[PDB]
Asker: 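Please find one structure pasted underneath; my questions will follow.
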Amino acid sequence: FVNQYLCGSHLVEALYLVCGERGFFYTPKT
Amino acid sequence: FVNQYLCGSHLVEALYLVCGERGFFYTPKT
Amino acid sequence: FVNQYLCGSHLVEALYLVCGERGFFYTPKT
Amino acid sequence: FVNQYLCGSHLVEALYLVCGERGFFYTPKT
Amino acid sequence: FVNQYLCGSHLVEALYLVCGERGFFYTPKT
Amino acid sequence: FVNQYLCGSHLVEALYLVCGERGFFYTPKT
Amino acid sequence: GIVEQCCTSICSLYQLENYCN
Amino acid sequence: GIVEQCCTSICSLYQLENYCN
Amino acid sequence: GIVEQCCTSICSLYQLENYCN
Amino acid sequence: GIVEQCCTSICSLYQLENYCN
Amino acid sequence: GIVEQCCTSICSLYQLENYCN
Amino acid sequence: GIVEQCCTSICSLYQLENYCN
Ligand SMILES: Oc1cccc(O)c1
Ligand SMILES: Oc1cccc(O)c1
Ligand SMILES: Oc1cccc(O)c1
Ligand SMILES: Oc1cccc(O)c1
Ligand SMILES: Oc1cccc(O)c1
Ligand SMILES: Oc1cccc(O)c1
Ligand SMILES: [Cl-]
Ligand SMILES: [Cl-]
Ligand SMILES: [Zn+2]
Ligand SMILES: [Zn+2]
């Protein structure tokens, strides 16, 4: 859905900064 | 190296758009 | 409307990766 | 030699805000 | 709460572009 | 190249995340 | 236009490619 | 607040210039 | 999941760290 | 071209306005 | 990995798709 | 200043917090 799609864009950028070298997994829905 | 730190930030935005519903895994080492 | 304007920001960034070397014209409400 | 590619994604964002409802034209070759 | 949050995220990017040289103070409440 | 200017736009997005409700100051010239 | 088609519903990369030059 | 002022109606670049140093 | 927890309310950086590996 | 114009050096808002419709 | 492959040369979206789960 | 401390070397979130109000 658009609002959540746009929100998820900002989430991954935040994950990138928080997680650093550890990396992260992004699974919006499993 | 800041140059590849910034490149990584752009790569995660691109993964988000290409992977879509499948999500992705982000691990800097390899 | 701010919601539509923020959505627009993200569209031009997606146009930028998809379109590549062909580029694009961006026209808002036509 | 990904420097100009990364610069171009920030240009499109700057174009978006400067042009507003005029919209813009973006062509990266010529 | 989240869409004021997302809006502020874009506000800082516009301030970065318009203010240039000058810099800016960002205060969400006040 | 515009390397410092591009770095700065990433810095501002990270300051936005990190500082939250207290906001921040961005003075590019010093 | 692009706004109407895509701020209303999620557009895939294939649909956005239609707006390329 | 910039948030109160620009989060429901679009603030142009030159209104925003007011919040610069 | 992440979207339901953090697109509905703001997650702090500490909440976000829960998804790092 | 724009990248050659503005990726070598920083374009100002006036130079950027050259590309608006 | 992805950084050494895509930060030295531009990866196409074709190329980024190999990293999607 | 901030560009000097963080544009060649990566600054941690820890470090960036010195620039919060
Ligand atoms: O439908 C949309 C809206 C914004 C960005 C995008 O990639 C798709
Ligand atoms: O009114 C607004 C809201 C968010 C970003 C922006 O450039 C303007
Ligand atoms: O809850 C959220 C959503 C998007 C970005 C963020 O930092 C937090
Ligand atoms: O010369 C530039 C390059 C990228 C963004 C911008 O505002 C100016
Ligand atoms: O090769 C790259 C590097 C960064 C972003 C991107 O879309 C492609
Ligand atoms: O050292 C840096 C430079 C730019 C963004 C950031 O989060 C850290
Ligand atoms: Cl948004
Ligand atoms: Cl960059
Ligand atoms: Zn956004
Ligand atoms: Zn960048």
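Every chain is numbered from 1, with letters handed out A, B, ... down the list of sequences. Read the numbers this way: they start at 1 and go in the same order the structure lists the ligands and their atoms.
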Asker: Closer than 2.8 Å to the Zn ion (ligand 10), do we get an N, O or S atom from D:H10, backbone or side chain?
Answerer: yes
Asker: In terms of relative ring orientation, are E:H10 and A:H10 parallel, tilted or perpendicular, with 30° and 60° separating the classes?
Answerer: perpendicular
Asker: State if J:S9 counts as touching ligand 4 under the rule of any non-hydrogen atom under 4.0 Å.
Answerer: yes
Asker: For D:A14, take its heavy atoms, then give the atoms of ligand 4 lying under 4.0 Å from any of them.
Answerer: 7 (O)
Asker: Quick one: look at J:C6 and ligand 4, take heavy-atom pairs under 4.0 Å, and tell me if it's side chain, backbone, both or neither.
Answerer: both
Asker: Is it true that B:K29 and A:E21 have a side-chain N and a carboxylate O under 4.0 angstrom from each other?
Answerer: yes
Asker: I need the atoms of ligand 4 closer than 4.0 Å to a non-hydrogen atom of J:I10, numbered in the order shown.
Answerer: 1 (O)
Asker: Ignoring angles and geometry beyond distance, decide whether D:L11 reaches within less than 3.5 Å of ligand 4 through its nitrogen or oxygen atoms.
Answerer: no
Asker: So which heavy atom on K:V3 is nearest to which on B:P28, and how close?
Answerer: CG1-O, 3.4 Å
Asker: Could you tell me the residue and atom name of the protein heavy atom closest to atom 6 (C) of ligand 4, and the distance to it rounded to 0.1 Å?
Answerer: F:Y5 CE2, 3.6 Å
Asker: For this output row, return yes or no: ring centroids of F:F25 and E:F25 closer than 6.0 angstrom.
Answerer: yes
Asker: Determine whether the aromatic ring centres of A:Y26 and A:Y16 lie less than 6.0 Å apart.
Answerer: no
Asker: Crowded around K:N18 CG? As in, over 12 foreign heavy atoms under 6.0 Å?
Answerer: no
Asker: Run the numbers for me: atoms of ligand 4, each under 4.0 Å from some heavy atom of E:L17, listed by number.
Answerer: 7 (O)
